[PDB]
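my_file.csv, holding CSV, C-alpha atoms:
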```csv
chain,number,residue,atom,x,y,z
O,5,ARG,CA,14.1,-14.0,16.6
O,6,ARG,CA,12.8,-10.6,15.7
O,7,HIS,CA,15.0,-7.6,16.7
O,8,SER,CA,13.5,-4.5,15.2
O,9,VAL,CA,9.7,-5.2,14.6
O,10,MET,CA,6.3,-5.7,16.3
O,11,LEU,CA,3.0,-7.4,15.3
O,12,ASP,CA,0.6,-4.9,13.7
O,13,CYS,CA,-2.3,-4.0,15.9
O,14,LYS,CA,-5.5,-5.9,15.2
O,15,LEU,CA,-6.1,-3.7,12.2
O,16,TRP,CA,-6.1,-7.0,10.2
O,17,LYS,CA,-7.3,-9.8,12.5
O,18,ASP,CA,-10.6,-11.1,11.1
O,19,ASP,CA,-10.7,-8.2,8.7
O,20,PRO,CA,-12.2,-9.5,5.5
O,21,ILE,CA,-10.0,-7.2,3.4
O,22,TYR,CA,-6.9,-9.0,4.7
O,23,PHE,CA,-6.1,-12.1,2.6
O,24,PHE,CA,-4.4,-14.2,5.3
O,25,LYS,CA,-5.9,-16.4,8.0
O,26,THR,CA,-2.8,-17.5,10.0
O,27,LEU,CA,0.1,-15.2,9.0
O,28,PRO,CA,0.0,-11.9,10.9
O,29,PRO,CA,1.5,-8.7,9.5
O,30,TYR,CA,4.4,-7.0,11.3
O,31,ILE,CA,5.5,-3.4,11.4
O,32,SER,CA,8.9,-1.7,12.0
O,33,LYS,CA,9.4,-0.1,15.3
O,34,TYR,CA,10.7,2.8,13.2
O,35,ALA,CA,7.6,3.4,11.0
O,36,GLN,CA,7.9,7.1,11.6
O,37,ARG,CA,11.3,7.1,9.9
O,38,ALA,CA,9.7,5.3,7.0
O,39,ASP,CA,7.0,7.9,6.6
O,40,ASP,CA,9.5,10.7,6.9
O,41,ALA,CA,11.7,9.2,4.2
O,42,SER,CA,8.6,8.9,2.0
O,43,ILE,CA,7.8,12.6,2.5
O,44,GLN,CA,11.4,13.5,1.6
O,45,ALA,CA,11.2,11.5,-1.6
O,46,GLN,CA,7.9,13.3,-2.4
O,47,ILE,CA,9.6,16.7,-1.9
O,48,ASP,CA,12.7,15.6,-3.9
O,49,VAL,CA,10.5,14.9,-6.9
O,50,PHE,CA,7.4,17.1,-6.7
O,51,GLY,CA,8.6,19.9,-4.3
O,52,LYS,CA,7.3,20.8,-0.9
O,53,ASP,CA,4.1,22.4,-2.3
O,54,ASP,CA,3.0,19.3,-4.3
O,55,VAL,CA,3.5,16.5,-1.8
O,56,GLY,CA,1.1,13.8,-2.9
O,57,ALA,CA,1.0,14.6,-6.6
O,58,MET,CA,1.3,10.8,-7.0
O,59,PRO,CA,0.6,8.4,-4.1
O,60,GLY,CA,3.5,6.1,-3.2
O,61,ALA,CA,4.1,4.0,-0.1
O,62,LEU,CA,2.0,5.8,2.6
O,63,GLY,CA,-1.0,4.0,4.0
O,64,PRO,CA,-3.4,4.3,7.0
O,65,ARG,CA,-2.3,0.9,8.4
O,66,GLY,CA,1.4,1.4,7.8
O,67,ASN,CA,4.1,2.5,5.3
O,68,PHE,CA,4.8,-0.1,2.6
O,69,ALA,CA,8.4,-0.3,3.7
O,70,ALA,CA,7.4,-0.3,7.4
O,71,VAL,CA,5.3,-3.4,7.1
O,72,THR,CA,7.0,-5.3,4.2
O,73,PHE,CA,10.5,-4.9,5.5
O,74,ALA,CA,9.4,-4.7,9.1
O,75,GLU,CA,12.6,-6.5,10.4
O,76,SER,CA,15.0,-3.9,8.9
O,77,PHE,CA,17.5,-1.7,10.8
O,78,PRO,CA,16.3,1.9,11.2
O,79,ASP,CA,18.6,3.5,8.7
O,80,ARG,CA,17.8,0.9,6.2
O,81,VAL,CA,14.0,1.1,6.8
O,82,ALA,CA,14.3,4.8,6.0
O,83,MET,CA,16.4,4.0,2.9
O,84,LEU,CA,13.9,1.5,1.7
O,85,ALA,CA,10.9,3.8,2.3
O,86,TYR,CA,12.6,6.5,0.2
O,87,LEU,CA,13.6,4.3,-2.7
O,88,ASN,CA,10.2,2.5,-2.9
O,89,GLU,CA,8.5,5.9,-2.8
O,90,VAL,CA,10.6,6.9,-5.7
O,91,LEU,CA,9.9,3.6,-7.6
O,92,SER,CA,6.2,4.1,-7.2
O,93,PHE,CA,6.6,7.0,-9.6
O,94,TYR,CA,7.7,4.7,-12.4
O,95,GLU,CA,4.5,4.9,-14.4
O,96,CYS,CA,4.9,8.7,-14.5
O,97,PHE,CA,8.7,9.0,-15.2
O,98,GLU,CA,9.5,5.8,-17.1
O,99,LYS,CA,11.7,7.6,-19.7
O,100,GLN,CA,13.6,9.5,-17.1
O,101,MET,CA,14.3,6.3,-15.1
O,102,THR,CA,15.4,4.3,-18.2
O,103,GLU,CA,17.8,7.1,-19.1
O,104,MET,CA,19.1,7.4,-15.5
O,105,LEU,CA,19.8,3.6,-15.3
O,106,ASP,CA,21.3,3.7,-18.8
O,107,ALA,CA,19.2,0.7,-19.6
O,108,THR,CA,17.4,0.0,-22.9
O,109,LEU,CA,13.6,-0.5,-22.6
O,110,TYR,CA,12.7,-3.3,-24.9
O,111,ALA,CA,9.1,-3.4,-23.7
O,112,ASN,CA,6.8,-0.8,-25.1
O,113,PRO,CA,6.4,2.1,-22.6
O,114,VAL,CA,3.5,1.8,-20.1
O,115,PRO,CA,0.6,4.4,-20.4
O,116,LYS,CA,1.6,7.8,-19.1
O,117,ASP,CA,-0.9,10.1,-17.3
O,118,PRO,CA,-0.7,13.5,-19.1
O,119,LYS,CA,-0.9,15.3,-15.7
O,120,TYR,CA,2.7,14.2,-15.1
O,121,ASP,CA,4.4,15.8,-18.2
O,122,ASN,CA,5.9,18.4,-16.0
O,123,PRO,CA,9.5,19.0,-17.1
O,124,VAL,CA,10.5,20.3,-13.6
O,125,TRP,CA,9.2,17.0,-12.1
O,126,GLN,CA,11.1,15.1,-14.7
O,127,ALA,CA,14.3,16.9,-14.0
O,128,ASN,CA,13.8,16.4,-10.2
O,129,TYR,CA,13.2,12.7,-10.9
O,130,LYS,CA,16.5,12.5,-12.8
O,131,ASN,CA,18.3,14.1,-9.9
O,132,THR,CA,16.7,11.8,-7.3
O,133,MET,CA,17.5,8.7,-9.4
O,134,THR,CA,21.1,9.9,-9.4
O,135,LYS,CA,21.2,10.4,-5.7
O,136,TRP,CA,19.6,7.4,-4.1
O,137,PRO,CA,21.7,4.6,-5.6
O,138,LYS,CA,24.9,6.2,-4.2
O,139,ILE,CA,23.5,6.5,-0.7
O,140,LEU,CA,22.2,2.9,-1.0
O,141,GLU,CA,25.6,1.5,-2.2
O,142,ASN,CA,27.4,3.4,0.5
O,143,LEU,CA,25.2,2.0,3.3
O,144,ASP,CA,25.9,-1.6,2.1
O,145,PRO,CA,28.6,-2.0,-0.5
O,146,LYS,CA,27.7,-5.7,-1.0
O,147,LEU,CA,23.9,-5.8,-1.1
O,148,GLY,CA,23.3,-2.3,-2.4
O,149,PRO,CA,24.3,-2.9,-6.0
O,150,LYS,CA,22.1,-6.0,-6.1
O,151,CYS,CA,19.0,-3.8,-6.0
O,152,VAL,CA,19.9,-1.6,-8.9
O,153,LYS,CA,21.1,-4.4,-11.1
O,154,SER,CA,17.9,-6.2,-10.5
O,155,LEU,CA,16.1,-3.0,-11.4
O,156,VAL,CA,18.0,-2.8,-14.7
O,157,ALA,CA,17.3,-6.5,-15.4
O,158,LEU,CA,13.6,-5.8,-14.9
O,159,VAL,CA,13.6,-2.7,-17.2
O,160,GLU,CA,15.1,-4.8,-20.0
O,161,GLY,CA,12.8,-7.7,-19.2
O,162,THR,CA,9.9,-9.3,-21.1
O,163,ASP,CA,7.0,-7.3,-22.2
O,164,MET,CA,3.7,-8.7,-20.8
O,165,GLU,CA,1.2,-6.7,-22.8
O,166,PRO,CA,1.4,-8.8,-26.1
O,167,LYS,CA,1.4,-11.9,-23.9
O,168,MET,CA,-1.9,-11.2,-22.0
O,169,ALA,CA,-4.1,-12.6,-24.8
O,170,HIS,CA,-2.0,-15.8,-25.0
O,171,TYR,CA,-1.4,-17.0,-21.4
O,172,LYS,CA,-3.0,-20.4,-21.1
O,173,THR,CA,-2.6,-20.7,-17.3
O,174,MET,CA,-2.8,-18.3,-14.4
O,175,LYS,CA,0.5,-19.8,-13.2
O,176,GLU,CA,2.4,-18.5,-16.2
O,177,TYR,CA,0.6,-15.2,-15.9
O,178,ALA,CA,1.7,-14.9,-12.2
O,179,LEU,CA,5.3,-15.9,-13.0
O,180,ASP,CA,5.5,-12.9,-15.3
O,181,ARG,CA,3.5,-10.6,-13.1
O,182,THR,CA,6.0,-11.0,-10.1
O,183,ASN,CA,8.6,-9.3,-12.3
O,184,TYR,CA,6.1,-6.6,-13.4
O,185,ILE,CA,5.5,-5.5,-9.8
O,186,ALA,CA,9.3,-5.8,-9.3
O,187,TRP,CA,9.3,-8.5,-6.7
O,188,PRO,CA,13.0,-9.3,-7.4
O,189,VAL,CA,13.7,-5.8,-6.1
O,190,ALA,CA,11.3,-6.4,-3.2
O,191,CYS,CA,13.3,-9.5,-2.2
O,192,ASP,CA,16.7,-7.7,-2.7
O,193,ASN,CA,15.3,-4.9,-0.4
O,194,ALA,CA,14.2,-7.5,2.2
O,195,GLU,CA,17.7,-9.0,2.2
O,196,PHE,CA,19.3,-5.6,2.4
O,197,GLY,CA,17.1,-4.3,5.2
O,198,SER,CA,17.8,-7.1,7.6
O,199,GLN,CA,21.5,-7.1,6.6
O,200,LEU,CA,21.3,-10.9,5.9
O,201,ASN,CA,24.4,-12.8,4.8
O,202,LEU,CA,23.0,-15.4,2.5
O,203,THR,CA,24.7,-17.4,-0.3
O,204,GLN,CA,23.1,-17.8,-3.7
O,205,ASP,CA,22.8,-21.5,-2.9
O,206,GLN,CA,20.7,-20.8,0.3
O,207,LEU,CA,18.4,-18.5,-1.6
O,208,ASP,CA,18.1,-21.1,-4.4
O,209,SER,CA,17.4,-23.8,-1.8
O,210,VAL,CA,14.2,-22.0,-0.6
O,211,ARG,CA,13.0,-20.3,-3.8
O,212,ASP,CA,10.4,-23.1,-4.2
O,213,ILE,CA,9.1,-22.7,-0.6
O,214,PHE,CA,8.5,-19.0,-1.2
O,215,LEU,CA,6.9,-19.1,-4.7
O,216,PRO,CA,3.3,-19.4,-3.4
O,217,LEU,CA,3.7,-16.2,-1.3
O,218,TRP,CA,5.0,-14.2,-4.3
O,219,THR,CA,2.0,-15.6,-6.3
O,220,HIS,CA,-0.2,-14.4,-3.4
O,221,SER,CA,1.2,-10.9,-3.6
O,222,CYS,CA,0.6,-10.6,-7.4
O,223,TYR,CA,-3.0,-11.8,-6.9
O,224,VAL,CA,-3.7,-9.4,-4.0
O,225,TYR,CA,-2.1,-6.5,-5.9
O,226,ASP,CA,-4.3,-7.3,-8.9
O,227,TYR,CA,-7.4,-7.5,-6.7
O,228,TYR,CA,-6.9,-4.1,-5.1
O,229,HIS,CA,-5.3,-2.3,-8.1
O,230,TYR,CA,-7.8,-3.4,-10.7
O,231,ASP,CA,-10.1,-0.3,-10.2
O,232,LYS,CA,-7.3,2.2,-10.9
O,233,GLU,CA,-6.0,0.0,-13.8
O,234,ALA,CA,-9.6,0.0,-15.2
O,235,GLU,CA,-9.9,3.8,-15.0
O,236,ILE,CA,-6.5,4.2,-16.6
O,237,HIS,CA,-7.3,1.9,-19.4
O,238,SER,CA,-10.8,3.5,-19.9
O,239,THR,CA,-9.2,6.9,-20.3
O,240,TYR,CA,-5.7,7.1,-21.7
O,241,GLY,CA,-5.5,4.3,-24.3
O,242,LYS,CA,-6.9,0.8,-24.9
O,243,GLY,CA,-4.3,0.2,-27.5
O,244,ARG,CA,-2.7,-1.4,-24.5
O,245,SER,CA,-4.0,-4.6,-22.9
O,246,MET,CA,-4.6,-4.3,-19.2
O,247,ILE,CA,-2.0,-6.3,-17.2
O,248,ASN,CA,-4.1,-7.9,-14.6
O,249,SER,CA,-5.3,-11.3,-13.6
O,250,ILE,CA,-9.0,-10.2,-13.8
O,251,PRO,CA,-9.4,-9.8,-17.6
O,252,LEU,CA,-7.4,-13.0,-18.0
O,253,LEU,CA,-9.8,-14.8,-15.6
O,254,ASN,CA,-12.7,-13.5,-17.7
O,255,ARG,CA,-11.0,-14.9,-20.8
O,256,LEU,CA,-9.9,-18.3,-19.4
O,257,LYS,CA,-12.8,-19.1,-17.1
O,258,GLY,CA,-15.7,-16.9,-18.2
O,259,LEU,CA,-15.7,-14.9,-14.9
O,260,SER,CA,-17.2,-11.5,-14.3
O,261,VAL,CA,-15.1,-8.9,-12.5
O,262,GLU,CA,-16.8,-9.7,-9.2
O,263,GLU,CA,-16.3,-13.5,-9.7
O,264,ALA,CA,-12.7,-12.9,-10.7
O,265,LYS,CA,-12.1,-11.0,-7.5
O,266,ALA,CA,-13.7,-13.8,-5.5
O,267,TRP,CA,-11.4,-16.2,-7.3
O,268,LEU,CA,-8.3,-14.2,-6.4
O,269,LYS,CA,-9.3,-13.9,-2.7
O,270,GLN,CA,-9.9,-17.6,-2.3
O,271,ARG,CA,-6.8,-18.4,-4.3
O,272,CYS,CA,-4.7,-16.4,-1.9
O,273,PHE,CA,-6.1,-18.2,1.1
O,274,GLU,CA,-5.2,-21.5,-0.7
O,275,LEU,CA,-1.7,-20.0,-1.4
O,276,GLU,CA,-1.2,-19.2,2.3
O,277,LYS,CA,-2.1,-22.8,3.0
O,278,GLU,CA,0.3,-24.1,0.3
O,279,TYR,CA,3.2,-22.0,1.5
O,280,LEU,CA,2.6,-23.3,5.0
O,281,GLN,CA,2.6,-26.9,3.8
O,282,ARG,CA,5.9,-26.3,1.9
O,283,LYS,CA,7.5,-24.6,4.9
O,284,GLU,CA,6.6,-27.5,7.2
O,285,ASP,CA,8.1,-30.0,4.8
O,286,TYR,CA,11.3,-27.9,4.5
O,287,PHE,CA,11.6,-27.6,8.3
O,288,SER,CA,11.0,-31.3,8.9
O,289,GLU,CA,13.8,-32.2,6.5
O,290,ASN,CA,16.0,-29.5,7.9
O,291,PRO,CA,14.9,-28.9,11.5
O,292,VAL,CA,14.6,-25.3,12.6
O,293,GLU,CA,17.2,-25.6,15.4
O,294,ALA,CA,19.9,-26.6,12.9
O,295,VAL,CA,19.0,-24.2,10.1
O,296,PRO,CA,21.3,-21.1,9.8
O,297,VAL,CA,20.0,-18.1,11.7
O,298,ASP,CA,20.0,-15.9,8.6
O,299,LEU,CA,17.9,-18.5,6.7
O,300,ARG,CA,15.3,-18.4,9.5
O,301,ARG,CA,15.4,-14.6,9.3
O,302,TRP,CA,14.9,-14.9,5.6
O,303,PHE,CA,11.7,-16.9,6.3
O,304,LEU,CA,10.6,-14.1,8.6
O,305,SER,CA,11.4,-11.5,5.9
O,306,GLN,CA,9.3,-13.4,3.3
O,307,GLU,CA,6.3,-13.7,5.6
O,308,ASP,CA,6.7,-10.0,6.4
O,309,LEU,CA,6.8,-9.2,2.6
O,310,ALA,CA,3.6,-11.2,2.0
O,311,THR,CA,1.5,-10.1,4.9
O,312,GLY,CA,2.6,-6.5,4.8
O,313,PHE,CA,1.9,-6.2,1.1
O,314,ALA,CA,-1.5,-7.8,1.6
O,315,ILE,CA,-2.5,-5.4,4.4
O,316,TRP,CA,-1.0,-2.5,2.4
O,317,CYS,CA,-2.8,-3.2,-0.8
O,318,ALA,CA,-6.2,-3.3,0.9
O,319,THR,CA,-5.7,0.1,2.5
O,320,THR,CA,-2.9,2.2,0.8
O,321,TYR,CA,-3.5,5.5,-0.9
O,322,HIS,CA,-1.8,4.0,-3.9
O,323,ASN,CA,-5.0,2.0,-4.7
O,324,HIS,CA,-7.8,3.7,-2.8
O,325,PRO,CA,-9.4,7.1,-2.3
O,326,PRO,CA,-8.3,9.8,-1.5
O,327,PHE,CA,-5.2,8.6,-3.5
O,328,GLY,CA,-2.5,11.4,-3.4
O,329,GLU,CA,-4.6,13.8,-1.4
O,330,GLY,CA,-4.3,11.2,1.5
O,331,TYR,CA,-0.8,12.6,1.9
O,332,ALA,CA,-1.8,16.0,3.0
O,333,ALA,CA,-2.9,15.3,6.6
O,334,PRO,CA,0.1,13.3,7.8
O,335,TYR,CA,2.4,15.7,6.0
O,336,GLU,CA,0.9,18.7,7.9
O,337,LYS,CA,1.0,16.8,11.1
O,338,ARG,CA,4.7,16.1,10.7
O,339,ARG,CA,5.2,19.8,9.7
O,340,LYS,CA,3.5,21.0,13.0
O,341,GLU,CA,5.7,18.6,15.0
O,342,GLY,CA,8.7,20.5,13.7
O,343,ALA,CA,10.2,17.9,11.3
O,344,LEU,CA,12.6,19.5,8.8
O,345,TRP,CA,13.0,18.3,5.2
O,346,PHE,CA,15.3,19.3,2.3
O,347,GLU,CA,13.5,21.5,-0.3
O,348,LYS,CA,15.7,20.2,-3.1
O,349,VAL,CA,17.4,16.8,-3.6
O,350,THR,CA,20.6,18.5,-4.5
O,351,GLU,CA,20.8,20.5,-1.3
O,352,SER,CA,22.5,17.7,0.6
O,353,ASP,CA,24.6,14.6,0.1
O,354,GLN,CA,22.4,12.8,2.7
O,355,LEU,CA,18.9,11.3,2.2
O,356,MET,CA,17.3,13.4,5.0
O,357,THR,CA,18.0,16.3,7.3
O,358,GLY,CA,19.1,14.0,10.1
O,359,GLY,CA,20.9,11.6,7.7
O,360,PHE,CA,18.3,8.8,7.8
O,361,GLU,CA,15.9,10.2,10.4
O,362,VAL,CA,15.0,13.9,10.1
O,363,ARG,CA,16.0,16.8,12.4
O,364,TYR,CA,14.2,19.0,14.8
O,365,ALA,CA,11.8,16.1,15.6
O,366,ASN,CA,11.7,12.3,15.5
```
Please express the file's structure as structure tokens.
Amino acid sequence: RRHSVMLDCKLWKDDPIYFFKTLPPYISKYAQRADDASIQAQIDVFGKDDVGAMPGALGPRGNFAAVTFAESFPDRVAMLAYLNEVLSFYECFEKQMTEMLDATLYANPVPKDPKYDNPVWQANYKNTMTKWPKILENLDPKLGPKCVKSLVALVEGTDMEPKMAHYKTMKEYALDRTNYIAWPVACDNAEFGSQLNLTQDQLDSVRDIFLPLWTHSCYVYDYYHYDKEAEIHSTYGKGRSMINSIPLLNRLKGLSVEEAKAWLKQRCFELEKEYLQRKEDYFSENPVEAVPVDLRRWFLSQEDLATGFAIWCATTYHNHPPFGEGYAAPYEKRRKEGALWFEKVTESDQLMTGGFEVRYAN
């Protein structure tokens, strides 16, 4: 039973851009805290006069964290919005993050936009990547470290670029792509936000139920991020193979880009149906009234992750115009409402002026 979340407003029902037919997206009651924490992250990296230099988690139909971790406690929803805003800057500060996690990058570095070789932004990123893990591990000493070790395990993970020309099935592609978009971290975040007490055995017991939803999320990300990935690969370097299901679908099935997008959309409808089948089989073998409460909450968290990511990918400034500039209007509207932000990430030991909220407003 949901304790911190509501159904998104019919900004999704029968909308063709939304790749679910049954599952509804949900949003935190504390979405404003999510957006405030994202603004704070933006200032902590770029500075208050360059908010939106790179688009992160914000979106017209809800913050990434506000919809994907909709059932999280308010402090934790702010924490997750901040950290995911900072992680959206990976493709600009890869080196600074590998150095700040003290992790060796065995994959070749992703293409870097030259407009982000700003040493003051790289230093700010290093300071931010020092601060947020201590605040995270202090909010939850048990689940907090899980996220950073999963982040380190992803940074030292397999490289997908040499594999793109050799995948023989979309299934293998997707099983690598989940890691590329850091869904281990997304699921650690979901467990952290709802403060769930789950054993490794329980998570393992339902990993196969949830696999279709993770595959769904990779396909929907590919669908809506292809255009920016194609503009990145058409300008700074083709010596890198594009990591996306769409070129692979061209190679394996002879599909144009439009036909590949249609394939992805229908595949995610099928994947919703498949997850629903697997879930009903699980809950008939283990009836819902006798399943531990935290496992039922975990089902809620996974459905939130999938539906929120789907509605976010179709609308967010991370994949659609006006990209970073879409940050300017909400920012100014929270500035006029009197919300106060730290100008430097070193100014305070806390995430935000109000701790996890903001001061002088809401």
Quick one: residues within 12 Å of residue 167 in chain O, only C-alpha atoms, excluding same-chain residues fewer than 3 positions away - as an MDAnalysis selection string? chainID O and resid 111 162:164 170:173 176:177 180:181 244:248 252
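Counting from CA of residue 152 in chain O, the distance to CA of residue 204 in chain O is 17.3 Å.
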Contacts of range 274-277 of chain O within 9 Å, all atoms listed in the file, excl. fewer than 5 positions in-chain, as a list in words: residues 23, 24, 25, 26, 27, 216, 217, 219, 220, 269 and 282 of chain O
Set the distance at 12 Å and use all atoms listed in the file: which residues neighbour residue 344 in chain O once local chain neighbours fewer than 4 positions away are removed? I'd like the list as a PDB file with C-alpha atoms, keeping the file's coordinate frame.
```pdb
ATOM      1  CA  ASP O  40       9.500  10.700   6.900  1.00  0.00           C
ATOM      2  CA  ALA O  41      11.700   9.200   4.200  1.00  0.00           C
ATOM      3  CA  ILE O  43       7.800  12.600   2.500  1.00  0.00           C
ATOM      4  CA  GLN O  44      11.400  13.500   1.600  1.00  0.00           C
ATOM      5  CA  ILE O  47       9.600  16.700  -1.900  1.00  0.00           C
ATOM      6  CA  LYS O  52       7.300  20.800  -0.900  1.00  0.00           C
ATOM      7  CA  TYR O 335       2.400  15.700   6.000  1.00  0.00           C
ATOM      8  CA  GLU O 336       0.900  18.700   7.900  1.00  0.00           C
ATOM      9  CA  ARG O 338       4.700  16.100  10.700  1.00  0.00           C
ATOM     10  CA  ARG O 339       5.200  19.800   9.700  1.00  0.00           C
ATOM     11  CA  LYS O 340       3.500  21.000  13.000  1.00  0.00           C
ATOM     12  CA  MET O 356      17.300  13.400   5.000  1.00  0.00           C
ATOM     13  CA  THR O 357      18.000  16.300   7.300  1.00  0.00           C
ATOM     14  CA  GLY O 358      19.100  14.000  10.100  1.00  0.00           C
ATOM     15  CA  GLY O 359      20.900  11.600   7.700  1.00  0.00           C
ATOM     16  CA  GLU O 361      15.900  10.200  10.400  1.00  0.00           C
ATOM     17  CA  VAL O 362      15.000  13.900  10.100  1.00  0.00           C
ATOM     18  CA  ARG O 363      16.000  16.800  12.400  1.00  0.00           C
ATOM     19  CA  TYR O 364      14.200  19.000  14.800  1.00  0.00           C
ATOM     20  CA  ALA O 365      11.800  16.100  15.600  1.00  0.00           C
ATOM     21  CA  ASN O 366      11.700  12.300  15.500  1.00  0.00           C
TER      22      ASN O 366
END
```
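CA of residue 329 in chain O sits 26.0 Å away from CA of residue 309 in chain O.
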Please, which residues are within 12 Å of (17.9, -4.6, -9.9) by the file's coordinates, counting only C-alpha atoms, and could they come as a PyMOL selection string? chain O and resi 91+105+107+137+147-161+183+186-193
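Closest to residue 71 in chain O among O:302, O:30, O:327, O:214 is O:30, based on only C-alpha atoms.
In this structure, CA of residue 98 in chain O sits 25.0 Å away from CA of residue 352 in chain O.
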As an MDAnalysis selection string, please: the residues near residue 33 in chain O (cut-off 7 Å, only C-alpha atoms, same-chain neighbours under 3 positions excluded). chainID O and resid 8:10
List the spatial neighbours of range 125-134 of chain O as a CSV table (one decimal) with C-alpha atoms, in the coordinates of the input - criterion: any atom at most 10 Å away, all atoms listed in the file, same-chain residues fewer than 4 positions off excluded.
```
chain,number,residue,atom,x,y,z
O,45,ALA,CA,11.2,11.5,-1.6
O,47,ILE,CA,9.6,16.7,-1.9
O,48,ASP,CA,12.7,15.6,-3.9
O,49,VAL,CA,10.5,14.9,-6.9
O,50,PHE,CA,7.4,17.1,-6.7
O,51,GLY,CA,8.6,19.9,-4.3
O,87,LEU,CA,13.6,4.3,-2.7
O,90,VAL,CA,10.6,6.9,-5.7
O,91,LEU,CA,9.9,3.6,-7.6
O,93,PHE,CA,6.6,7.0,-9.6
O,94,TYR,CA,7.7,4.7,-12.4
O,96,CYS,CA,4.9,8.7,-14.5
O,97,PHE,CA,8.7,9.0,-15.2
O,98,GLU,CA,9.5,5.8,-17.1
O,99,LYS,CA,11.7,7.6,-19.7
O,100,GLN,CA,13.6,9.5,-17.1
O,101,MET,CA,14.3,6.3,-15.1
O,102,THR,CA,15.4,4.3,-18.2
O,103,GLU,CA,17.8,7.1,-19.1
O,104,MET,CA,19.1,7.4,-15.5
O,105,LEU,CA,19.8,3.6,-15.3
O,120,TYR,CA,2.7,14.2,-15.1
O,121,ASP,CA,4.4,15.8,-18.2
O,138,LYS,CA,24.9,6.2,-4.2
O,139,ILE,CA,23.5,6.5,-0.7
O,348,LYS,CA,15.7,20.2,-3.1
O,349,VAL,CA,17.4,16.8,-3.6
O,350,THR,CA,20.6,18.5,-4.5
O,355,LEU,CA,18.9,11.3,2.2
```
With distances taken over all atoms listed in the file, which residue among O:255, O:113, O:206, O:337 lies nearest residue 297 in chain O? O:206
As a PDB file, in the frame of the given file, please: range 255-266 of chain O completed to N, CA and C atoms.
```
ATOM      1  N   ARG O 255     -11.279 -14.191 -19.586  1.00  0.00           N
ATOM      2  CA  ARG O 255     -11.000 -14.900 -20.800  1.00  0.00           C
ATOM      3  C   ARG O 255     -10.929 -16.401 -20.654  1.00  0.00           C
ATOM      4  N   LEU O 256     -10.247 -16.849 -19.601  1.00  0.00           N
ATOM      5  CA  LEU O 256      -9.900 -18.300 -19.400  1.00  0.00           C
ATOM      6  C   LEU O 256     -11.066 -19.040 -18.747  1.00  0.00           C
ATOM      7  N   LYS O 257     -11.833 -18.394 -17.866  1.00  0.00           N
ATOM      8  CA  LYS O 257     -12.800 -19.100 -17.100  1.00  0.00           C
ATOM      9  C   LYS O 257     -14.212 -18.464 -17.140  1.00  0.00           C
ATOM     10  N   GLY O 258     -14.406 -17.460 -17.993  1.00  0.00           N
ATOM     11  CA  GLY O 258     -15.700 -16.900 -18.200  1.00  0.00           C
ATOM     12  C   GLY O 258     -16.230 -16.115 -16.942  1.00  0.00           C
ATOM     13  N   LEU O 259     -15.338 -15.536 -16.145  1.00  0.00           N
ATOM     14  CA  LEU O 259     -15.700 -14.900 -14.900  1.00  0.00           C
ATOM     15  C   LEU O 259     -15.948 -13.402 -15.086  1.00  0.00           C
ATOM     16  N   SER O 260     -17.019 -12.896 -14.471  1.00  0.00           N
ATOM     17  CA  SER O 260     -17.200 -11.500 -14.300  1.00  0.00           C
ATOM     18  C   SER O 260     -16.128 -10.863 -13.449  1.00  0.00           C
ATOM     19  N   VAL O 261     -16.115  -9.538 -13.287  1.00  0.00           N
ATOM     20  CA  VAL O 261     -15.100  -8.900 -12.500  1.00  0.00           C
ATOM     21  C   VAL O 261     -15.232  -9.282 -11.011  1.00  0.00           C
ATOM     22  N   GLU O 262     -16.478  -9.310 -10.529  1.00  0.00           N
ATOM     23  CA  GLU O 262     -16.800  -9.700  -9.200  1.00  0.00           C
ATOM     24  C   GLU O 262     -16.351 -11.166  -8.913  1.00  0.00           C
ATOM     25  N   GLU O 263     -16.708 -12.058  -9.840  1.00  0.00           N
ATOM     26  CA  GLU O 263     -16.300 -13.500  -9.700  1.00  0.00           C
ATOM     27  C   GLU O 263     -14.836 -13.646  -9.754  1.00  0.00           C
ATOM     28  N   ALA O 264     -14.156 -12.858 -10.594  1.00  0.00           N
ATOM     29  CA  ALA O 264     -12.700 -12.900 -10.700  1.00  0.00           C
ATOM     30  C   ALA O 264     -12.056 -12.469  -9.372  1.00  0.00           C
ATOM     31  N   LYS O 265     -12.605 -11.415  -8.763  1.00  0.00           N
ATOM     32  CA  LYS O 265     -12.100 -11.000  -7.500  1.00  0.00           C
ATOM     33  C   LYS O 265     -12.291 -12.028  -6.401  1.00  0.00           C
ATOM     34  N   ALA O 266     -13.454 -12.687  -6.403  1.00  0.00           N
ATOM     35  CA  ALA O 266     -13.700 -13.800  -5.500  1.00  0.00           C
ATOM     36  C   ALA O 266     -12.674 -14.913  -5.695  1.00  0.00           C
TER      37      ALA O 266
END
```
